[PDB]
>>> print(open('final-v1.cif').read())   # mmCIF, C-alpha atoms and all ligand atoms
data_query
loop_
_atom_site.label_atom_id
_atom_site.label_comp_id
_atom_site.auth_asym_id
_atom_site.auth_seq_id
_atom_site.Cartn_x
_atom_site.Cartn_y
_atom_site.Cartn_z
CA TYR A 1 -25.12 -13.64 -4.23
CA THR A 2 -26.39 -10.09 -3.85
CA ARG A 3 -24.88 -6.69 -4.59
CA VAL A 4 -21.48 -5.94 -2.98
CA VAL A 5 -20.93 -2.45 -1.55
CA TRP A 6 -17.29 -1.39 -1.86
CA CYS A 7 -15.74 1.21 0.45
CA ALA A 8 -13.73 3.90 -1.43
CA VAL A 9 -11.22 6.07 0.48
CA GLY A 10 -11.23 9.61 -0.78
CA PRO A 11 -13.03 11.37 -3.67
CA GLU A 12 -10.70 9.91 -6.27
CA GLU A 13 -11.41 6.24 -5.35
CA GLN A 14 -15.07 7.35 -4.98
CA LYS A 15 -14.94 8.49 -8.64
CA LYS A 16 -13.31 5.16 -9.62
CA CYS A 17 -15.74 3.00 -7.65
CA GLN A 18 -18.76 4.81 -9.12
CA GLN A 19 -17.44 3.86 -12.56
CA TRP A 20 -16.91 0.23 -11.72
CA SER A 21 -20.41 0.36 -10.29
CA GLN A 22 -21.95 1.90 -13.39
CA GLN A 23 -20.17 -0.76 -15.44
CA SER A 24 -21.17 -3.66 -13.17
CA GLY A 25 -24.81 -2.58 -13.68
CA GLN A 26 -24.98 -1.85 -9.99
CA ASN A 27 -23.57 -5.30 -9.23
CA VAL A 28 -21.18 -3.55 -7.00
CA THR A 29 -22.10 -0.20 -5.41
CA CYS A 30 -20.02 2.33 -3.51
CA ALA A 31 -19.62 3.84 -0.13
CA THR A 32 -17.04 6.54 0.51
CA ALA A 33 -15.31 7.61 3.74
CA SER A 34 -12.28 9.87 4.53
CA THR A 35 -9.84 7.30 5.75
CA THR A 36 -9.25 3.54 5.74
CA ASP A 37 -10.02 3.41 9.51
CA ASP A 38 -13.46 4.89 8.67
CA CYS A 39 -13.99 2.25 5.94
CA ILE A 40 -13.01 -0.54 8.34
CA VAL A 41 -15.77 0.98 10.57
CA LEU A 42 -18.48 1.13 7.85
CA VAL A 43 -17.78 -2.60 7.20
CA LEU A 44 -18.18 -3.58 10.91
CA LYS A 45 -21.44 -1.65 10.89
CA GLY A 46 -22.45 -3.52 7.79
CA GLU A 47 -22.94 -0.50 5.55
CA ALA A 48 -20.04 -1.63 3.31
CA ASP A 49 -18.93 -5.18 2.38
CA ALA A 50 -15.31 -4.99 1.41
CA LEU A 51 -12.20 -3.06 0.49
CA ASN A 52 -8.53 -3.78 -0.50
CA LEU A 53 -5.99 -3.30 2.31
CA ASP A 54 -2.31 -2.92 3.09
CA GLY A 55 -1.08 -5.42 5.74
CA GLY A 56 -0.87 -2.82 8.53
CA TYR A 57 -4.59 -2.16 8.13
CA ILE A 58 -5.35 -5.91 7.69
CA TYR A 59 -4.02 -5.98 11.30
CA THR A 60 -6.43 -3.27 12.49
CA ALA A 61 -9.37 -4.97 10.69
CA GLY A 62 -8.38 -8.44 11.91
CA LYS A 63 -8.48 -7.53 15.61
CA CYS A 64 -11.99 -6.32 14.89
CA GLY A 65 -12.97 -9.54 13.14
CA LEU A 66 -12.75 -8.82 9.44
CA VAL A 67 -11.03 -11.63 7.52
CA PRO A 68 -8.76 -11.75 4.43
CA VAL A 69 -10.75 -13.00 1.36
CA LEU A 70 -8.57 -12.72 -1.73
CA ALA A 71 -5.10 -11.27 -2.13
CA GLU A 72 -3.37 -9.14 -4.73
CA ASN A 73 -1.12 -11.04 -7.11
CA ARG A 74 1.42 -9.10 -9.17
CA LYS A 75 3.30 -10.18 -12.36
CA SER A 76 5.13 -13.36 -11.29
CA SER A 77 8.88 -13.46 -10.96
CA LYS A 78 9.26 -16.71 -12.91
CA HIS A 79 7.35 -18.70 -15.55
CA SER A 80 4.41 -19.87 -13.48
CA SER A 81 1.52 -20.52 -15.91
CA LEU A 82 -0.19 -22.32 -13.03
CA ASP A 83 -2.94 -19.78 -12.64
CA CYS A 84 -2.78 -16.32 -11.19
CA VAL A 85 -5.94 -17.10 -9.25
CA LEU A 86 -4.39 -20.20 -7.71
CA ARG A 87 -0.76 -19.19 -7.76
CA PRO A 88 0.51 -18.30 -4.25
CA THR A 89 1.26 -14.60 -3.66
CA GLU A 90 4.91 -13.58 -3.26
CA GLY A 91 5.03 -10.75 -0.76
CA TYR A 92 6.42 -7.39 -1.95
CA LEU A 93 9.77 -5.85 -0.93
CA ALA A 94 9.91 -2.97 1.52
CA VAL A 95 12.78 -0.62 0.76
CA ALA A 96 14.25 2.75 1.76
CA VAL A 97 15.12 5.00 -1.19
CA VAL A 98 17.32 8.08 -1.42
CA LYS A 99 18.76 10.28 -4.12
CA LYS A 100 22.22 9.24 -5.25
CA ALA A 101 23.31 12.91 -5.05
CA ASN A 102 22.71 12.80 -1.22
CA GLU A 103 26.13 11.10 -0.86
CA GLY A 104 26.77 10.56 2.78
CA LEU A 105 23.38 9.10 3.57
CA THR A 106 23.05 5.59 4.96
CA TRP A 107 20.76 3.75 7.42
CA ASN A 108 23.26 4.69 10.16
CA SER A 109 22.96 8.40 9.43
CA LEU A 110 19.17 8.86 9.11
CA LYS A 111 18.87 10.64 12.44
CA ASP A 112 17.60 14.17 11.82
CA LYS A 113 16.94 13.83 8.15
CA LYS A 114 13.73 14.43 6.29
CA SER A 115 11.41 11.53 5.53
CA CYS A 116 8.50 10.48 3.30
CA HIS A 117 6.03 7.83 4.36
CA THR A 118 3.19 6.28 2.34
CA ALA A 119 0.95 6.66 5.47
CA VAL A 120 0.99 5.98 9.23
CA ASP A 121 0.09 2.32 9.94
CA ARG A 122 1.13 0.90 6.62
CA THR A 123 3.67 -1.85 6.17
CA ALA A 124 6.44 -0.37 4.04
CA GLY A 125 5.70 3.25 4.76
CA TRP A 126 5.57 2.93 8.50
CA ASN A 127 5.47 -0.32 10.45
CA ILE A 128 8.60 -1.88 8.90
CA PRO A 129 10.93 1.21 8.97
CA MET A 130 9.78 2.63 12.32
CA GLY A 131 9.71 -0.77 14.01
CA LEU A 132 13.39 -1.15 13.07
CA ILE A 133 14.18 2.43 14.23
CA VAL A 134 12.56 1.99 17.64
CA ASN A 135 14.34 -1.36 18.05
CA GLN A 136 17.73 0.18 17.31
CA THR A 137 17.26 3.28 19.39
CA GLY A 138 15.80 1.48 22.39
CA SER A 139 13.39 4.43 22.57
CA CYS A 140 9.77 5.03 21.66
CA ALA A 141 10.51 8.72 20.83
CA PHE A 142 9.94 8.04 17.13
CA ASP A 143 8.17 11.33 16.57
CA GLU A 144 11.62 12.89 17.12
CA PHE A 145 13.94 10.74 14.95
CA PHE A 146 13.63 12.72 11.72
CA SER A 147 13.48 16.55 11.76
CA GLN A 148 10.44 16.73 9.50
CA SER A 149 8.23 14.28 7.70
CA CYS A 150 5.25 13.71 5.56
CA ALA A 151 3.56 10.71 7.36
CA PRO A 152 -0.14 11.03 6.33
CA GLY A 153 -2.43 10.29 9.19
CA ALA A 154 -0.14 11.94 11.84
CA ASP A 155 -1.14 15.22 13.62
CA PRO A 156 -1.25 17.99 10.90
CA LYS A 157 0.51 20.41 13.29
CA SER A 158 3.30 18.02 14.29
CA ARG A 159 6.77 17.29 12.92
CA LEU A 160 5.31 14.24 11.15
CA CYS A 161 2.98 16.22 8.94
CA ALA A 162 5.37 19.07 8.31
CA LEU A 163 6.39 18.06 4.74
CA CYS A 164 2.87 17.19 3.52
CA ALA A 165 1.16 19.49 1.05
CA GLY A 166 -2.50 18.70 0.84
CA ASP A 167 -4.55 19.15 -2.30
CA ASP A 168 -4.73 21.50 -5.29
CA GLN A 169 -5.85 24.30 -2.97
CA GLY A 170 -3.41 23.47 -0.20
CA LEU A 171 -6.22 21.92 1.89
CA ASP A 172 -6.51 18.48 3.47
CA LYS A 173 -2.92 18.53 4.57
CA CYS A 174 -1.71 15.19 5.88
CA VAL A 175 -4.92 13.28 5.33
CA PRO A 176 -4.38 9.55 4.65
CA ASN A 177 -6.15 9.57 1.32
CA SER A 178 -5.15 10.43 -2.28
CA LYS A 179 -6.12 14.04 -1.79
CA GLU A 180 -2.82 14.55 0.11
CA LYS A 181 -0.17 14.92 -2.65
CA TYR A 182 2.47 12.88 -0.85
CA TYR A 183 0.29 9.99 0.35
CA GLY A 184 0.67 6.35 -0.69
CA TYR A 185 3.33 4.51 -2.66
CA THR A 186 3.40 7.14 -5.40
CA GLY A 187 2.89 10.11 -3.09
CA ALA A 188 5.83 9.25 -0.82
CA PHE A 189 8.21 8.61 -3.76
CA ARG A 190 7.17 12.00 -5.27
CA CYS A 191 8.03 13.53 -1.88
CA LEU A 192 11.62 12.28 -2.36
CA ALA A 193 11.64 12.91 -6.12
CA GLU A 194 10.91 16.59 -5.54
CA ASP A 195 13.48 16.78 -2.72
CA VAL A 196 10.98 17.76 -0.10
CA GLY A 197 12.42 14.74 1.81
CA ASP A 198 15.76 12.93 2.06
CA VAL A 199 14.39 9.35 2.28
CA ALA A 200 11.22 7.53 1.10
CA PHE A 201 9.84 4.24 2.47
CA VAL A 202 7.97 2.46 -0.29
CA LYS A 203 7.96 -0.92 -2.03
CA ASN A 204 10.52 -2.00 -4.71
CA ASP A 205 7.92 -1.81 -7.42
CA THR A 206 7.25 1.92 -6.87
CA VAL A 207 10.72 2.97 -7.80
CA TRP A 208 10.48 1.03 -11.08
CA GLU A 209 7.03 2.19 -12.01
CA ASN A 210 7.68 5.95 -11.76
CA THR A 211 11.06 6.06 -13.56
CA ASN A 212 12.54 5.79 -17.08
CA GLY A 213 9.30 6.99 -18.68
CA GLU A 214 7.04 4.32 -17.22
CA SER A 215 5.12 7.25 -15.69
CA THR A 216 4.12 10.20 -17.95
CA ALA A 217 3.35 12.42 -14.92
CA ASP A 218 5.14 15.83 -14.78
CA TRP A 219 7.12 15.19 -11.58
CA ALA A 220 8.27 11.74 -12.72
CA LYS A 221 8.62 11.82 -16.53
CA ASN A 222 12.27 12.94 -16.16
CA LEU A 223 13.22 10.41 -13.44
CA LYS A 224 15.98 7.82 -13.92
CA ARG A 225 16.80 4.80 -11.70
CA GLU A 226 20.58 5.45 -11.60
CA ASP A 227 19.74 8.71 -9.82
CA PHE A 228 18.38 6.69 -6.88
CA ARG A 229 19.91 4.29 -4.40
CA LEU A 230 18.60 1.89 -1.71
CA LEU A 231 19.55 1.88 1.97
CA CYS A 232 20.46 -1.52 3.39
CA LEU A 233 20.55 -2.40 7.09
CA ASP A 234 24.30 -3.13 7.09
CA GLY A 235 24.90 0.51 6.17
CA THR A 236 25.86 0.28 2.52
CA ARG A 237 23.97 1.72 -0.46
CA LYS A 238 22.94 -0.19 -3.56
CA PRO A 239 21.46 0.39 -7.04
CA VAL A 240 17.67 -0.16 -7.37
CA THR A 241 18.33 -3.37 -9.23
CA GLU A 242 19.59 -5.09 -6.03
CA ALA A 243 16.39 -5.04 -4.09
CA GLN A 244 16.60 -8.79 -3.59
CA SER A 245 19.52 -8.26 -1.28
CA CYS A 246 18.88 -4.81 -0.01
CA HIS A 247 15.37 -4.48 1.45
CA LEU A 248 14.06 -3.84 5.02
CA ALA A 249 11.58 -6.74 4.94
CA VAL A 250 9.26 -8.74 2.66
CA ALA A 251 5.62 -7.65 2.96
CA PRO A 252 2.31 -9.52 2.75
CA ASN A 253 0.44 -8.53 -0.35
CA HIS A 254 -2.39 -6.12 0.15
CA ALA A 255 -5.65 -8.10 0.41
CA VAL A 256 -9.40 -7.69 0.27
CA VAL A 257 -11.15 -8.15 3.53
CA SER A 258 -14.74 -8.42 4.53
CA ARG A 259 -16.68 -9.40 7.63
CA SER A 260 -16.51 -13.24 8.15
CA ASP A 261 -20.28 -13.58 7.48
CA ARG A 262 -20.13 -11.96 4.07
CA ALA A 263 -16.75 -13.20 3.02
CA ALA A 264 -18.05 -15.96 0.74
CA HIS A 265 -20.57 -13.76 -1.14
CA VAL A 266 -17.80 -11.16 -1.72
CA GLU A 267 -15.35 -13.84 -2.85
CA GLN A 268 -17.75 -15.09 -5.54
CA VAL A 269 -18.67 -11.59 -6.70
CA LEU A 270 -15.03 -10.51 -7.04
CA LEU A 271 -13.86 -13.58 -8.98
CA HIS A 272 -16.73 -12.96 -11.46
CA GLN A 273 -15.91 -9.20 -11.54
CA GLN A 274 -12.23 -9.68 -12.34
CA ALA A 275 -13.37 -12.04 -15.15
CA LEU A 276 -14.87 -8.99 -16.92
CA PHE A 277 -12.54 -6.27 -15.57
CA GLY A 278 -9.29 -7.87 -14.55
CA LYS A 279 -6.17 -8.36 -16.69
CA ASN A 280 -7.25 -10.10 -19.93
CA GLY A 281 -10.78 -9.44 -18.57
CA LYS A 282 -13.76 -9.34 -20.94
CA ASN A 283 -14.37 -5.58 -20.73
CA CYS A 284 -10.72 -4.58 -20.15
CA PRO A 285 -9.31 -2.50 -21.83
CA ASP A 286 -12.30 -1.74 -24.05
CA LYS A 287 -14.60 -0.38 -21.38
CA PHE A 288 -13.20 -0.65 -17.88
CA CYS A 289 -10.20 -2.04 -16.03
CA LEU A 290 -10.24 -2.63 -12.29
CA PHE A 291 -6.42 -2.65 -12.02
CA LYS A 292 -5.79 0.66 -13.80
CA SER A 293 -5.93 4.19 -12.34
CA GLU A 294 -3.15 6.06 -14.23
CA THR A 295 -0.53 5.09 -11.55
CA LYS A 296 -2.66 6.58 -8.74
CA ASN A 297 -3.20 3.13 -7.16
CA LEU A 298 -6.99 3.58 -6.70
CA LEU A 299 -8.75 0.72 -4.81
CA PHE A 300 -5.99 -1.64 -6.06
CA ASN A 301 -2.29 -1.26 -6.77
CA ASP A 302 -1.90 -0.80 -10.53
CA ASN A 303 0.45 -3.71 -10.91
CA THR A 304 -2.10 -6.35 -9.96
CA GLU A 305 -2.65 -9.10 -12.53
CA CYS A 306 -5.43 -10.71 -10.45
CA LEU A 307 -6.86 -11.23 -6.98
CA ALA A 308 -5.69 -14.76 -5.97
CA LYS A 309 -7.51 -17.21 -3.67
CA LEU A 310 -5.85 -17.88 -0.28
CA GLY A 311 -4.70 -21.42 0.26
CA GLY A 312 -5.39 -22.64 3.76
CA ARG A 313 -8.41 -20.44 4.53
CA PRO A 314 -6.16 -18.37 6.75
CA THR A 315 -6.82 -16.10 9.65
CA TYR A 316 -5.34 -12.57 9.55
CA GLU A 317 -2.42 -13.83 11.71
CA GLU A 318 -1.63 -16.71 9.39
CA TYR A 319 -2.02 -14.40 6.37
CA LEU A 320 0.09 -11.58 7.88
CA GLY A 321 2.53 -14.19 9.24
CA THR A 322 4.00 -14.63 12.74
CA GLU A 323 7.08 -12.48 12.15
CA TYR A 324 5.21 -9.34 11.24
CA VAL A 325 2.38 -9.59 13.75
CA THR A 326 4.70 -9.44 16.73
CA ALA A 327 6.62 -6.59 14.97
CA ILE A 328 3.38 -4.52 14.72
CA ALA A 329 2.42 -5.38 18.36
CA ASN A 330 5.70 -4.33 20.07
CA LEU A 331 5.90 -1.15 17.87
CA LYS A 332 2.31 -0.40 18.92
CA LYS A 333 3.31 -0.88 22.61
CA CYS A 334 4.93 2.56 22.16
CA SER A 335 1.32 3.95 21.98
CA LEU A 336 -1.77 -6.70 22.09
CA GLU A 337 -5.41 -7.92 21.98
CA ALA A 338 -7.92 -5.12 21.33
CA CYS A 339 -10.19 -3.90 18.54
CA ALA A 340 -9.99 -0.09 18.98
CA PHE A 341 -13.52 0.69 17.90
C1 LIG B 1 11.15 -4.83 -8.53
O1 LIG B 1 10.01 -4.31 -9.10
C2 LIG B 1 9.85 -4.46 -10.49
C3 LIG B 1 8.41 -4.07 -10.68
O2 LIG B 1 7.32 -4.92 -10.39
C4 LIG B 1 10.12 -5.87 -11.06
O3 LIG B 1 10.37 -5.91 -12.44
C5 LIG B 1 9.32 -6.39 -13.32
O4 LIG B 1 9.63 -7.69 -13.05
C6 LIG B 1 8.94 -8.57 -13.85
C7 LIG B 1 9.30 -9.89 -13.26
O5 LIG B 1 9.59 -10.06 -11.90
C8 LIG B 1 9.35 -8.40 -15.32
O6 LIG B 1 8.67 -9.28 -16.19
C9 LIG B 1 9.11 -6.96 -15.75
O7 LIG B 1 9.69 -6.75 -17.01
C10 LIG B 1 9.74 -6.04 -14.72
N1 LIG B 1 9.48 -4.63 -14.91
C11 LIG B 1 10.49 -3.81 -14.77
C12 LIG B 1 10.26 -2.35 -14.82
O8 LIG B 1 11.62 -4.21 -14.62
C13 LIG B 1 11.32 -6.48 -10.40
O9 LIG B 1 11.22 -7.83 -10.61
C14 LIG B 1 11.26 -6.29 -8.91
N2 LIG B 1 12.41 -6.88 -8.31
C15 LIG B 1 12.31 -7.47 -7.14
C16 LIG B 1 13.48 -7.48 -6.25
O10 LIG B 1 11.32 -8.00 -6.74
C1 LIG B 2 11.87 -5.61 17.34
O1 LIG B 2 12.28 -6.44 18.37
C2 LIG B 2 11.31 -7.22 18.97
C3 LIG B 2 12.04 -7.81 20.13
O2 LIG B 2 13.24 -8.31 19.63
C4 LIG B 2 10.92 -8.34 18.04
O3 LIG B 2 10.04 -9.26 18.69
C5 LIG B 2 10.62 -10.52 18.97
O4 LIG B 2 10.74 -11.24 17.80
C6 LIG B 2 11.17 -12.52 18.04
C7 LIG B 2 11.52 -13.10 16.70
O5 LIG B 2 11.10 -12.18 15.74
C8 LIG B 2 10.05 -13.29 18.71
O6 LIG B 2 10.44 -14.62 18.92
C9 LIG B 2 9.75 -12.65 20.03
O7 LIG B 2 8.53 -13.13 20.46
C10 LIG B 2 9.62 -11.16 19.90
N1 LIG B 2 9.75 -10.58 21.20
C11 LIG B 2 8.68 -10.06 21.76
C12 LIG B 2 8.75 -9.18 22.95
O8 LIG B 2 7.59 -10.27 21.30
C13 LIG B 2 10.35 -7.63 16.82
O9 LIG B 2 10.12 -8.64 15.87
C14 LIG B 2 11.30 -6.52 16.28
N2 LIG B 2 10.78 -5.63 15.27
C15 LIG B 2 11.30 -5.55 14.06
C16 LIG B 2 10.66 -4.62 13.11
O10 LIG B 2 12.24 -6.20 13.68
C1 LIG B 3 -24.09 -8.99 -12.11
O1 LIG B 3 -24.40 -10.17 -11.45
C2 LIG B 3 -25.41 -10.94 -12.06
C3 LIG B 3 -25.68 -12.01 -11.06
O2 LIG B 3 -24.49 -12.74 -11.06
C4 LIG B 3 -24.89 -11.61 -13.31
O3 LIG B 3 -25.85 -12.48 -13.94
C5 LIG B 3 -24.49 -10.46 -14.21
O4 LIG B 3 -23.72 -11.00 -15.23
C6 LIG B 3 -23.64 -9.39 -13.51
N1 LIG B 3 -23.59 -8.20 -14.34
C7 LIG B 3 -22.46 -7.53 -14.51
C8 LIG B 3 -22.53 -6.35 -15.40
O5 LIG B 3 -21.40 -7.79 -14.00
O1 LIG B 4 5.68 -13.69 3.47
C1 LIG B 4 5.25 -13.63 2.41
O2 LIG B 4 5.98 -14.14 1.52
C2 LIG B 4 3.85 -13.44 2.00
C3 LIG B 4 3.55 -12.72 0.84
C4 LIG B 4 2.29 -12.52 0.46
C5 LIG B 4 1.17 -12.93 1.24
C6 LIG B 4 1.44 -13.59 2.44
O3 LIG B 4 0.43 -13.89 3.32
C7 LIG B 4 2.79 -13.85 2.83
FE FE B 5 1.56 -1.88 1.39
ZN ZN B 6 14.88 -10.45 3.26
ZN ZN B 7 -5.19 -21.94 9.47
#
>>> encode(input="final-v1.cif", output="C-alpha cells", more="lines below")
Ligand SMILES: *[C@@H]1O[C@H](CO)[C@@H](O[C@@H]2O[C@H](CO)[C@@H](O)[C@H](O)[C@H]2NC(C)=O)[C@H](O)[C@H]1NC(C)=O
Ligand SMILES: *[C@@H]1O[C@H](CO)[C@@H](O[C@@H]2O[C@H](CO)[C@@H](O)[C@H](O)[C@H]2NC(C)=O)[C@H](O)[C@H]1NC(C)=O
Ligand SMILES: *[C@@H]1O[C@H](CO)[C@@H](O)[C@H](O)[C@H]1NC(C)=O
Ligand SMILES: O=C(O)c1cccc(O)c1
Ligand SMILES: [Fe+3]
Ligand SMILES: [Zn+2]
Ligand SMILES: [Zn+2]
Amino acid sequence: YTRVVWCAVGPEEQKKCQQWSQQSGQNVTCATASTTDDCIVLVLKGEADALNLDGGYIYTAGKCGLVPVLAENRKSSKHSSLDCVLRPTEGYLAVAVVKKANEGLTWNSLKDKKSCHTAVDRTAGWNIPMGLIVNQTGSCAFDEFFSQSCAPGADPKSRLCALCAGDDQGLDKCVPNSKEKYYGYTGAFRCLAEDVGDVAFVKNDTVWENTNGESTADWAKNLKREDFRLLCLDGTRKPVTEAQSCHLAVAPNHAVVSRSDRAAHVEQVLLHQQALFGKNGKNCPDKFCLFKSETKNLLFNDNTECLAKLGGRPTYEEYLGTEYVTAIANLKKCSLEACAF
C-alpha cells in the first residue's frame, strides 16, 4: 500500500478525479493530461499509477509493458449472484447505428457517407469498423471512405475531423477528450442524433442509455429507439433490440492498467475504493460514486457495477484475445512489435 495517482484525461475527468481524491482523503491523487496516449506516457514515466482503458489503448499500453489489472463489469445478462468481483466479464457489443429515416443506408452503401467515431484507436469507434472496411476494400485509403467524419484524434484539418465541433467556445476541435462535443460513446451517438453524421460506431449499451428518457440531456431527452436501426454485415438493417445478432464484433471490456511493478498495489487500493464508492458502496450514493458522471462516462463507463478481478493473470494479448490483436495489427500495417514511445 501507498497512495495511487490516477491519470485523468481532460478537465472534466480532472474535476471528477479531484473529487474522488478529496473523498478518499488523498488515498488516491490525480494527474491530468490531454489525451490517453499522454496518460499512458505519464504511467511509463512513473508519475501516474493507473487509468481505465478501452481495448484499443490497452493494445498501445501493452506493447509498452503496462498490464491489465481489473476489468469493468456491467449489469449481468442473466442471474449470476456469483460475485461481480469474481464473475467473468462478458465483452460488449460493437454496433453501427443509423437513423431509421435514412432509408437506403446499409453496410454496402456506406461509401461517401458521413460518420461519427468515439475516437481514433478505440475498439468500437475505430478499430472494429475500419478494420472491416479496409479488409473489404482491399485498400488502406481509409481516410477517403467517408466524405466527412468526426474521428477525434485525427488531423483537425483533415476529412476525419471535419464534423467535430470542439468545446463551448468552438475550441479544441477534434481532441480525443471530453472537451470535444462528439468524442466518446456519448459524443459519437450525439453526432448521429443531431444529424451531423449518417452513421455512428458505438457499443450496444450507448443506444439504450441515451434514449426513451434514460438521458435527461437536451439533445437526447426526445430520442426514441424505434427511430434508430443497426447495420449488419450481411447488408440488412435491424431494430436496436437485435444487437445479439446484428453487431460488428464483441469487444473486450475496458480495463484498468498499470505498470507491472505497481499492479498489485493498485489492485488492492481499487478493490478497497470500490467498497466505499462502487455500486452498493459505503459512501455511494450519499457522498460519492465512482461509476456515475451524469452519462459523461468520466474515468469509467457509467454502466459499471464493479471492477472484476481477471482470472488467469492474463497478459494484454490473452486479455484482448487472439482474434482482436491480429485485427489491430494488420489494420495498423496501413500506417507488429513496437512500443511507439
Ligand atoms: C444492450 O444494452 C442494454 C444496456 O446495457 C441491455 O439492457 C439492460 O440489460 C440488462 C440485462 O442484460 C437489463 O437488466 C436492463 O433492464 C437493461 N436495460 C435496458 C435499457 O434495457 C441489453 O441487454 C443489451 N443487449 C445486448 C445485446 O447485449
Ligand atoms: C482482416 O483480415 C485479416 C486477414 O484476413 C485478418 O487476419 C487473419 O485472421 C485470421 C483469423 O482471424 C488469422 O488466422 C490470420 O493470422 C490473420 N491473417 C494475418 C495476416 O494475420 C483480420 O483478422 C481481419 N480484420 C478484421 C477486422 O476482421
Ligand atoms: C485510505 O487508505 C487507508 C490505508 O488503507 C485506509 O486505512 C483508509 O481507510 C483509506 N481512507 C479512505 C478515505 O479511503
Ligand atoms: O471476448 C470476450 O468475450 C471478452 C470480454 C471481456 C473481456 C475479455 O478479455 C474478453
Ligand atoms: Fe470501448
Ligand atoms: Zn458475434
Ligand atoms: Zn496466461
>>> residues_around(input="final-v1.cif", residues="region 209-217 of chain A", least_positions_apart="6", cutoff="10 Å", atoms="all atoms listed in the file", output="PyMOL selection string")
chain A and resi 186+189-190+193+223-228+294-295+302-303
>>> residues_around(input="final-v1.cif", residues="residue 201 (chain A)", least_positions_apart="5", cutoff="9 Å", atoms="only C-alpha atoms", output="PyMOL selection string")
chain A and resi 94-97+115-118+124-126+128-129+185+188-189
>>> closest_atom_pairs(input="final-v1.cif", of="chain A", to="ligand LIG 2 (chain B)", cutoff="6 Å", atoms="only C-alpha atoms and all ligand atoms", output="JSON lines")
{"residue": "A:128", "atom": "CA", "partner": "B:LIG2", "partner_atom": "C16", "distance": 5.4}
{"residue": "A:131", "atom": "CA", "partner": "B:LIG2", "partner_atom": "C16", "distance": 4.1}
{"residue": "A:132", "atom": "CA", "partner": "B:LIG2", "partner_atom": "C16", "distance": 4.4}
{"residue": "A:135", "atom": "CA", "partner": "B:LIG2", "partner_atom": "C1", "distance": 5.0}
{"residue": "A:323", "atom": "CA", "partner": "B:LIG2", "partner_atom": "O5", "distance": 5.4}
{"residue": "A:326", "atom": "CA", "partner": "B:LIG2", "partner_atom": "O8", "distance": 5.5}
{"residue": "A:327", "atom": "CA", "partner": "B:LIG2", "partner_atom": "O9", "distance": 4.2}
>>> write_last_selection(input="final-v1.cif", atoms="C-alpha atoms", output="compact mmCIF listing (two decimals), keeping the file's coordinate frame")
# COMPACT_ATOMS: atom_id res chain seq x y z
CA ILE A 128 8.60 -1.88 8.90
CA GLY A 131 9.71 -0.77 14.01
CA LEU A 132 13.39 -1.15 13.07
CA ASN A 135 14.34 -1.36 18.05
CA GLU A 323 7.08 -12.48 12.15
CA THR A 326 4.70 -9.44 16.73
CA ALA A 327 6.62 -6.59 14.97
>>> closest_residue(input="final-v1.cif", among="A:89, A:23, A:177, A:52", to="residue 66 (chain A)", atoms="only C-alpha atoms")
A:52
>>> residues_near_ligand(input="final-v1.cif", ligand="ligand ZN 6 (chain B)", cutoff="8 Å", atoms="all atoms listed in the file", output="count of residues only")
7
>>> residues_around(input="final-v1.cif", residues="residue 179 (chain A)", least_positions_apart="2", cutoff="12 Å", atoms="only C-alpha atoms", output="JSON, numbers by chain")
{"A": [9, 10, 11, 12, 13, 14, 34, 35, 152, 164, 165, 166, 167, 168, 169, 170, 171, 172, 173, 174, 175, 176, 177, 181, 182, 183, 184, 187, 296, 298]}
>>> closest_atom_pairs(input="final-v1.cif", of="chain A", to="ligand LIG 1 (chain B)", cutoff="6 Å", atoms="all atoms listed in the file", output="JSON lines")
{"residue": "A:76", "atom": "CA", "partner": "B:LIG1", "partner_atom": "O5", "distance": 5.6}
{"residue": "A:77", "atom": "CA", "partner": "B:LIG1", "partner_atom": "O5", "distance": 3.6}
{"residue": "A:204", "atom": "CA", "partner": "B:LIG1", "partner_atom": "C1", "distance": 4.8}
{"residue": "A:205", "atom": "CA", "partner": "B:LIG1", "partner_atom": "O1", "distance": 3.7}
{"residue": "A:208", "atom": "CA", "partner": "B:LIG1", "partner_atom": "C12", "distance": 5.0}
{"residue": "A:243", "atom": "CA", "partner": "B:LIG1", "partner_atom": "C16", "distance": 4.4}
{"residue": "A:244", "atom": "CA", "partner": "B:LIG1", "partner_atom": "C16", "distance": 4.3}
>>> write_last_selection(input="final-v1.cif", atoms="C-alpha atoms", output="compact mmCIF listing (two decimals), in the coordinates of the input")
# COMPACT_ATOMS: atom_id res chain seq x y z
CA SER A 76 5.13 -13.36 -11.29
CA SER A 77 8.88 -13.46 -10.96
CA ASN A 204 10.52 -2.00 -4.71
CA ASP A 205 7.92 -1.81 -7.42
CA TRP A 208 10.48 1.03 -11.08
CA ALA A 243 16.39 -5.04 -4.09
CA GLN A 244 16.60 -8.79 -3.59
>>> closest_residue(input="final-v1.cif", among="A:57, A:103, A:180, A:340", to="residue 230 (chain A)", atoms="all atoms listed in the file")
A:103
>>> build_atoms(input="final-v1.cif", residues="region 163-167 of chain A", atoms="N, CA, C and O atoms", output="PDB file, in the coordinates of the input")
ATOM      1  N   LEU A 163       6.001  18.029   6.166  1.00  0.00           N
ATOM      2  CA  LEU A 163       6.390  18.060   4.740  1.00  0.00           C
ATOM      3  C   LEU A 163       5.250  17.769   3.765  1.00  0.00           C
ATOM      4  O   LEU A 163       5.446  17.819   2.548  1.00  0.00           O
ATOM      5  N   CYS A 164       4.066  17.484   4.310  1.00  0.00           N
ATOM      6  CA  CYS A 164       2.870  17.190   3.520  1.00  0.00           C
ATOM      7  C   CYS A 164       2.358  18.470   2.880  1.00  0.00           C
ATOM      8  O   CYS A 164       2.606  19.567   3.384  1.00  0.00           O
ATOM      9  N   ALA A 165       1.603  18.329   1.798  1.00  0.00           N
ATOM     10  CA  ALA A 165       1.160  19.490   1.050  1.00  0.00           C
ATOM     11  C   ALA A 165      -0.300  19.608   0.685  1.00  0.00           C
ATOM     12  O   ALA A 165      -0.699  20.546  -0.008  1.00  0.00           O
ATOM     13  N   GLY A 166      -1.086  18.641   1.123  1.00  0.00           N
ATOM     14  CA  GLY A 166      -2.500  18.700   0.840  1.00  0.00           C
ATOM     15  C   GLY A 166      -2.855  18.716  -0.612  1.00  0.00           C
ATOM     16  O   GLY A 166      -2.005  18.425  -1.441  1.00  0.00           O
ATOM     17  N   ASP A 167      -4.075  19.135  -0.924  1.00  0.00           N
ATOM     18  CA  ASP A 167      -4.550  19.150  -2.300  1.00  0.00           C
ATOM     19  C   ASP A 167      -4.228  20.347  -3.182  1.00  0.00           C
ATOM     20  O   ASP A 167      -3.375  21.151  -2.845  1.00  0.00           O
TER      21      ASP A 167
END
